[PDB]
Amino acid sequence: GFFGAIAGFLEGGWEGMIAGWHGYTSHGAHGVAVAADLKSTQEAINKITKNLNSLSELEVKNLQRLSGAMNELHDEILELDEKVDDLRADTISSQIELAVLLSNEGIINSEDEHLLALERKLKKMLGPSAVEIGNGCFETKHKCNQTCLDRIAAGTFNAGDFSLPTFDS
């Protein structure tokens, strides 16, 4: 979003990222490898799922006929009753539209926050020998092709796999 646009995050996307919405790319001699992060994708899906349940919880009163107002005899009253139903429908609809708007607003905007969190996951795995650029990228001393990138996405990557120093857990 606006964060990524200002921060210089890549505005494009990766067609090869098919197993998830969010993840990592690797650029080196191998060309460009792409891996989806399932943890980030699941978290996003769960948030949306909870949001769906929340929107589905709304209860409003039924609109039925007046028991006392008779057709023809009370048509003036019945016209007002019609107006009451119509305005209720109008008002609650716009309230629901507002609730859904804010939900989608939250969902779309949260994208860059996933990227910022994925940065933190990446950084710790890469170890203190990696250099943080700021645009969502890190420079590594080692090569990282698709086999490497997959271990990163899975959270199994260790910097010791190139005899590089690690942050101890």
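Residue indices: 1-based, along the sequence shown.
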(request) Pick between 28-36 and 65-73: the one whose mean CA B-factor in the entry is higher. (result) 28-36
(request) Pick between 136-144 and 96-104: the one whose mean CA B-factor in the entry is higher. (result) 136-144
(message) Lowest, middle or highest third: which one holds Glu43 when the chain's residues are ordered by CA B-factor from the entry?
(response) middle
(request) Please place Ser129 in the lowest, middle or highest third of its chain by C-alpha B factor as given in the entry. (result) lowest
(message) Ranking the modelled residues of this chain by C-alpha B-factor as given in the entry, is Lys121 in the lowest, middle or highest third?
(response) highest
(message) Which third, lowest, middle or highest, does the C-alpha temperature factor of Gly23 belong to within its own chain?
(response) middle
(request) Could you tell me which third, lowest, middle or highest, the C-alpha B-factor of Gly155 occupies within its chain? (result) highest
